[PDB]
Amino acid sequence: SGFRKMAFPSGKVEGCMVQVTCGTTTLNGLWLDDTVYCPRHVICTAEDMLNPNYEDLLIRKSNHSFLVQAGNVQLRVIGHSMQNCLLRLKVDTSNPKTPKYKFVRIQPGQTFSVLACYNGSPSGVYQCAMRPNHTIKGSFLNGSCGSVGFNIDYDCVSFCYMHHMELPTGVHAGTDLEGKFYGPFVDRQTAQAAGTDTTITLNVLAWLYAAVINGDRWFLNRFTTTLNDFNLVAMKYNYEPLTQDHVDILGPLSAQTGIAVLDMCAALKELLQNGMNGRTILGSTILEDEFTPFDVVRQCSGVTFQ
């Protein structure tokens, strides 16, 4: 029993974290095989930052412009190239700690673990959901550029996020491991701001199913709803529309609990309209949207507490 924001064990990623310095700017990089990945930010100074031309900044660098340190060992850079908003630095040594891995671009509403790092040294680990508005509610200080997000599937580390910057409201933005930003954001100092966010309906529903698997039915009701009537309520409360694809994704959780998706939708509609009446669901006073259907299957028993 229990239900917690649970990160993946971070060890396979810790063995990949290095420090990268160019001039006076230091940040974190990711060492896989004979390549180190890091934000292209590393070639900027504070004065470069309002209007940097990375192409023009980069051509002025040599391999030995870059200092890469894995603990006490210096890794010699023997090639560099820019790919979107990241640099790929080729180094003389292949990381013996490289795990089996993949690069994936995650979709909004999906979750991943973040290994917050400073000066190449891992410091903390927590789970994030990719918001609909392409930001994450992270916890990052100066020096955290190049901290990575990942999921782990069996042997294999799926890398999905490299951290870049903090937006005016204190949420965080970054890129996949091809260096393409999540969202409309750019690695420049501008007035850019996160767009209006929305609640991730499919996750809230997954989390209601979690509650039932764990033994709680207080919020269910005798009603059902159509997809359409549900979505009218969703629009009023700033929840994403429910789609048939999402209903289909909820199939296994519905089958384990014996509650039809559209019946759970009715329960949610009631919760939105009437509130929770001073009660909790899985320890929470609010409706939680930071767990995917997969996160629920991962963490909950396969046997419902009936």
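Residue positions are given as counts along the sequence shown, with the first one as 1. Rigid core: the largest C-alpha set superposing within 1.5 Å between the two forms.
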Higher Cα RMS in 8 other deposited structures of this protein relative to the shown form (core alignment), 92-100 or 138-146, goes to 138-146
Relative to this form, superposed by the core, which stretch has the greater CA RMS in 8 other deposited structures of this protein: 43-51 or 257-265? 43-51
Selected stretch [higher average CA B-factor]: 163-171 or 70-78: 70-78
When the C-alpha temperature factors are averaged for each of 39-47 and 264-272, which stretch ends up with the higher value in the entry? 39-47
When you compare the CA B-factors of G146, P96, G124, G149 as listed in the entry, which one comes out on top? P96
Taking the values straight from the PDB record, which of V204, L86, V114, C156 has the highest C-alpha temperature factor? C156
Name the third of the chain's ranked CA B-factors that contains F8, choosing lowest, middle or highest. lowest
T225 by Cα B-factor - lowest, middle or highest third of the modelled chain: highest
Comparing against every modelled residue in the chain, figure out the third that the C-alpha B-factor of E178 lands in (lowest, middle or highest). middle
Considering every modelled residue of the chain and its Cα B-factor in the PDB entry, is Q19 in the lowest, middle or highest third? middle
Could you say whether, by C-alpha temperature factor, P252 belongs to the lowest, middle or highest third of its chain? middle
